[PDB]
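> just dropping in an experimental structure and the matching sequence.
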Amino acid sequence: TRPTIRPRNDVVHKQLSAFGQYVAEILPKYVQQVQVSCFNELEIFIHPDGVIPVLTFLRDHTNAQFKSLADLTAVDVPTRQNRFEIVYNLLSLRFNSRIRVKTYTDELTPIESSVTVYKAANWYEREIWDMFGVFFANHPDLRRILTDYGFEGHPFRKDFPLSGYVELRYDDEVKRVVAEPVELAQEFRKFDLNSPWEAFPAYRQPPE
Amino acid sequence: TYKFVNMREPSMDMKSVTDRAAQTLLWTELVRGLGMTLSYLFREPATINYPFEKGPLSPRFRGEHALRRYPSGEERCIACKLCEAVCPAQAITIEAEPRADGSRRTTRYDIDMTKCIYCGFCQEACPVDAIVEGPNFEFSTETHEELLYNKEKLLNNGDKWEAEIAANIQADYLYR
Amino acid sequence: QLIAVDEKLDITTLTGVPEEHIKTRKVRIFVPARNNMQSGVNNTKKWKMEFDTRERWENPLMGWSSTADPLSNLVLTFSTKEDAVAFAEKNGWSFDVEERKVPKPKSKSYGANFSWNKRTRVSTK
Amino acid sequence: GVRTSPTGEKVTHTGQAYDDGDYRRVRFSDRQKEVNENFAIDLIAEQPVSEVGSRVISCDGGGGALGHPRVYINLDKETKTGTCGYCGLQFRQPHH
Amino acid sequence: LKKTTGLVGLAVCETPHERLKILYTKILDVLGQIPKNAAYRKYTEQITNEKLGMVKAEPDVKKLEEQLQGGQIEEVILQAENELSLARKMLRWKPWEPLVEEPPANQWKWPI
Amino acid sequence: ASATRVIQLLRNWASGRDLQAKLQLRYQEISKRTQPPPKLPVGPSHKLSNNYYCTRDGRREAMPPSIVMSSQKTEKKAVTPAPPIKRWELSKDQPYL
Amino acid sequence: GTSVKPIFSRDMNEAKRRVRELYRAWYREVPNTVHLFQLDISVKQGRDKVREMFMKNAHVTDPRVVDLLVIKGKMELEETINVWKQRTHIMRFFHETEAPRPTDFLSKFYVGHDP
Amino acid sequence: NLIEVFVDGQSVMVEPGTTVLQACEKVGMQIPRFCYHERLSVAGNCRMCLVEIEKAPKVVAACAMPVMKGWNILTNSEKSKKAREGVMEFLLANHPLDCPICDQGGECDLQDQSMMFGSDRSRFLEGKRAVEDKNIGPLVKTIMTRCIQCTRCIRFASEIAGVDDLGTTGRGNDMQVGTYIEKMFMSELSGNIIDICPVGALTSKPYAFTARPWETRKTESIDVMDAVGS
Ligand code: SF4
Ligand code: SF4
Ligand code: SF4
Ligand code: SF4
Ligand code: FES
Ligand SMILES: [Mg+2]
Ligand SMILES: [Zn+2]
């Protein structure tokens, strides 16, 4: 035995692969790709306009009762043509499983709101809009949720600076709080921590 | 397995009905609550007479920071910046240069105590046990600047609390 | 059906960046040079976009290094020069592109250290 | 060994002292300048030089796990002492 | 028969078998509109006929619940209703068609 | 604790339980603040032979996720993500409160 | 893609229509904003500020960008109408505590290294 | 014409006389190395670059072995990993514990290659070796206990700078790199030995103790001290 190495679960891996094939066969119109990670997590990459049909299928189908919307977020990758990557994490209590559905979008392309499938999508999509600038088409109430009132810019984008552009203070002349351009007494110190030696041969990419 | 918290049903016999009616008319559970409160009244309080009595602590306690020395009096820090690198809050600033005798010693060692999260990573990463989080916690100040420590202040803290810090490190260094 | 926009993409009005940091910033798209102190080349794989350096002054108290430039620590990673250029163009910053420098292939031969009639012979091992 | 600048301000062990015309001296008015009176360089000078009869010595700062990482000092150059630089401690082979 | 289903908002049904037969028959009727080669039709028809066979061969509700392995009979009825609505929506959506559009050249690459 | 018997009896009557059996204040029953030195166990990978890191490198066993289906590239039974969850059994210890 | 998905408004004419509708909505709201927040500015000043904020995006020629801008403008308006904001943010629109930043080359050269 | 070799079963077309290390680099794999420098000659002494050929019972020094037709190079094989671990174990067994007080610090090839290719535990139960430091001028600070006898400085000195005042004296574990006399290595190209020394034995003296590599921000500019435009 290897005490320091996490054991694998071939049974769960095979079950997840079979279910991924099942959903890919059922919905060829949207499912672009299916993957199973080596720690037994199923992922489905679909076309962005199939969000509502795919989520409705995975929620209502007898063999896929993913009743609970565990999470809903986005990942920003500037180097891609469609930078934003919308991620849905679903939990199926009847079959005791979890699934992930990933779509893609850019700044100007709306993503259909999934509040008709799961109600938590309301606040989750409000947060996604507030933090990345992704607009959801049929949202009952789409507005900022976490940022300050009148805040400009979407903080969680990779190109948004860590400290932002404005800072607040109380100005006695006008007897109110004011927002002024950011100015740090001590600048955040950027560290270059990556080692120049390759760590994982298994993830090496072709030089191209 | 599972259990039901509220799934019981009351017996409808005459004695139980009369007991429930008596509880409704004569506030039995309210009297029970009064009795519990009276019991607590006659119990002994847990209040300690601060500041004449201090709450218990452990040798692992993280308090005010300090810079230590070897028994010879030489500073332990070797300007390796491991604490600065590992500091989650970036509350440590270090600048070094060769000393007059060529030693690798810091010229600036600042800790911002209004930025530090008192997480103790600096004393874990120190390979010479120079920076420590001492046992003192009563160091509240009337001005903001007094909480921006520098090398002189940290060395003063080390000299002031060296005995207790050394005793705690001796007591707890076998778990590290 | 589906509309068409025959114009260059521009999201500067939506990003929320101040006009000063939109107009007066020239980013630098390049592949970072290998750290000369190490022989590893794994840090010279991806293109990087970084902004120009602005002023840093000394704090009157504690002598720290202050700043007023929000984009001082903003470095972005791009897989391709075209991707980085497209991102910079759509965000509206000026950009300078530097071509990737790859070492030229070299002919190495251990037996050249013992040449009978050439200067490549080494005097020590 | 603290020293006093011509402006009356004590110098730290790093040689820090504001100039005569520096406005920043006003921060110490009605208050005090935090200076540590013990100088590590002076103390380590006060410490003597050990003499061991071996070419290589090992220093860990004393205390075992409480000291600095163990290092080895080569006592071959007789014109100077071998200094463990973690703790600034001098060792020397017995000459003569 | 049973007092409660143990779930808030899920009422007890006094006619489980009739409701299940009706719902499964409706689901099978809706699936007839879907093209034969569609993979959604085959799997759903298979599972529906498999579950509809159990309700017609077991009169006892508890043994039927044990055979179906879908929670209580009320949960099974609710899932049948959800499946019927999903079948109608899938009839509207027509997802058996080929892929709408392939993604760009490097859209799911990682790390990048 | 230190209290009169009469007050203890009054507390017992008012609360309905023997308080002295289970108090909420600590009287010398806790471990002393000074303890003998320990000697912690060393670990499983502290051998001097037959211990190569290539045989116990957890990170390097990680693999890129397997591509089950990629669009780029009989009658099969319908499947499920996993076998359905079995019904939870009621607790034998105390099924009802 | 050549066939970009439209948010709405299709071409630029409907986008301009939405811009004008949002401008009317903002214009009719400035007296209420001044009254409720007890601002010390004039109503004319508020209308001028709304006009200026509309005009700083006058160079946009993309219908999708215009649609996103009017969506965010409606969001800002609904923040103001429901008194979710305070006088703090409404005055933050005015930059009342900033020193006048120099714009000529000679003044920029004198003050510092800023381009 | 080009011959066909294989790296982990992937076909590569390389010129005759190309080394195993160069073939792996062409396919995209950087073989770990200490004594090998592309601008210098081939030494092949640190033995860190040993890799396994598919049918060869013996590992080959990838920095010095020319490739042959139909050679399958197993870069990440068990034999290669064991060889790298053994070489790193010997190096670190005789290496001193100076990392916190060593300017090489976070940009050390010995540290990085130890963390990527070597083991994480020490079986060395004996005392370590201590080496007397030399003095070769006001630019290079020498702490020779950290040297790994990779002979990069010697090869660079001779071949590039045309100065042959560096070399190894003695033999065995007592071999030392230096001048053997009190002679300063003064030349207009003497900082490159600081650059190419894989360990902290040769370090910059003006830069000593001032900073750590992760703190420094790198700005790519050019040189104006002469007309070369470096
Ligand atoms: S305790 Fe943590 S946050 Fe505070 S100085 Fe140490 S490392 Fe930084
Ligand atoms: S980790 Fe310790 S020795 Fe290193 S710089 Fe910090 S205080 Fe000094
Ligand atoms: S050369 Fe490398 S391994 Fe040796 S002490 Fe310096 S940092 Fe550590
Ligand atoms: S001093 Fe440095 S470059 Fe020279 S042989 Fe030793 S490790 Fe190599
Ligand atoms: S790199 Fe080949 S033996 Fe040193
Ligand atoms: Mg070096
Ligand atoms: Zn020492």
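That came through, no problem. Numbering: from 1, shown residues only, chains lettered A, B, ... in the order given. Ligands and ions are numbered 1, 2, ... in the order given.
> what sits against the most centrally placed residue in chain G?
What sits nearest the mean C-alpha location of chain G, by CA atoms, centre = their mean, is residue G:53, with 3.2 Å. By CB atoms under 8 Å, 6 or more residues apart in numbering or on different chains, the contact set of residue G:53 is residue G:93. The C-beta positions use only the backbone N, C-alpha and C, and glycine is treated the same way.
> let me know the helix or strand that it is in.
helix G:43-55 (DSSP states H and E).
> over to residue C:28?
Going by DSSP H and E, residue C:28 is part of strand C:26-30.
> now do the contacts for residue 117.
No chain was given, so I picked chain A. A:52, A:55-56, A:59, A:69.
> correction: the question concerned chain B.
Counted by CB under 8 Å, 6+ apart, residue B:117 has contacts B:88-89, B:91.
> surely residue A:53 touches residue E:91?
No: contact criterion CB atoms under 8 Å: residue A:53 and residue E:91 do not qualify, at 11.6 Å.
> quick one: which of these two has more around it?
residue A:53 (23 against 16; other CB atoms under 10 Å in any protein chain shown).
> name the SS class of the more buried one, please.
helix (DSSP: H, G, I helix; E, B strand; the rest coil).
> what residues does chain E put near chain D?
Nowhere does chain E come near chain D, counting by CB under 8 Å from any CB of the partner chain.
> mind listing the helices for chain E?
E:16-31, E:39-57, E:61-68, E:73-93 (DSSP state H).
> circling back: tell me which helix or strand comes right after the helix holding residue G:53.
Downstream of helix G:43-55 (by DSSP H and E), the next one is helix G:63-81.
> angle of that next one against helix G:43-55?
150 degrees (axes from the mean of the first three to the mean of the last three CA atoms, to 10 degrees).
> list the contacts of the helix or strand following helix G:63-81.
Going down the chain from helix G:63-81, the next helix or strand is helix G:87-92, by DSSP H and E. Under the contact criterion CB under 8 Å, 6+ apart, helix G:87-92 has outside partners A:148-150, A:174, A:176-179, G:33, G:37-39, G:79-80.
> ok, now with 6 Å
Residues from elsewhere that reach helix G:87-92 (CB atoms under 6 Å, 6 or more residues apart in numbering or on different chains): A:149-150, A:176-177, A:179, G:37.
> stretch H:203-218 now?
So stretch H:203-218 is contacted by A:191-193, B:81, B:96-98, B:104, H:103, H:105-107, H:139, H:141, H:194 (CB under 6 Å, 6+ apart).
> which of the residues you listed fall in helices?
Per DSSP H, the subset of the contacts of stretch H:203-218 in helices is residue H:194.
> show me which of the contacts of stretch H:203-218 are buried.
Among the contacts of stretch H:203-218, those classed as buried by 16 or more other CB atoms under 10 Å in any protein chain shown are A:191-192, B:81, B:96, B:98, B:104, H:103, H:105-107, H:139, H:141, H:194.
> list the contacts for the spatially most central residue of chain E?
Closest to where the C-alpha atoms of chain E average out (CA atoms, centre = their mean) is residue E:83, at 3.5 Å. Each residue near residue E:83 by CB under 6 Å, 6+ apart is listed here: A:62, E:27.
> kindly recompute the last result at 10 Å.
Taking CB atoms under 10 Å, 6 or more residues apart in numbering or on different chains, we find residue E:83 in contact with A:60-63, A:65, E:23-24, E:26-27, E:30-31, E:44, E:47-48, E:51.
> now do residue E:36
So residue E:36 contacts E:42, E:45 (CB under 10 Å, 6+ apart).
> next, see if the longest helix belonging to chain H gets close to chain F.
For chain H, the longest helix by residue count, based on DSSP H, is helix H:78-94. Yes: residues of helix H:78-94 are located near chain F by CB under 10 Å from any CB of the partner chain, namely H:78-82, H:84-86, H:88.
> distance of residue H:190 relative to residue H:197?
From residue H:190 over to residue H:197 the distance is 12 Å, taken as CB to CB, to the nearest Å.
> when the two are compared, which one has more neighbours?
Taking other CB under 10 Å, residue H:190 and residue H:197 do not tie; residue H:197 has more neighbours (24 against 20).
> all strands of the chain, in order?
Since no chain was named, I'll use chain A. Per DSSP state E, chain A carries strands over the ranges A:31-37, A:41-46, A:68-76, A:84-92, A:97-105, A:166-171, A:176-181.
> if you could check chain H rather than the one you did, that'd help
According to DSSP E, the strands that chain H contains are H:3-7, H:10-14, H:50-53, H:60-61, H:72-74, H:140-142, H:167-169, H:176-178, H:202-204.
> would JSON lines of those strands with distance to residue F:20 be doable?
Shown next, in JSON lines, are those (distance: least, CB to CB, whole Å):
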{"stretch": "strand H:3-7", "distance to residue F:20": "79"}
{"stretch": "strand H:10-14", "distance to residue F:20": "79"}
{"stretch": "strand H:50-53", "distance to residue F:20": "75"}
{"stretch": "strand H:60-61", "distance to residue F:20": "81"}
{"stretch": "strand H:72-74", "distance to residue F:20": "75"}
{"stretch": "strand H:140-142", "distance to residue F:20": "74"}
{"stretch": "strand H:167-169", "distance to residue F:20": "83"}
{"stretch": "strand H:176-178", "distance to residue F:20": "78"}
{"stretch": "strand H:202-204", "distance to residue F:20": "71"}
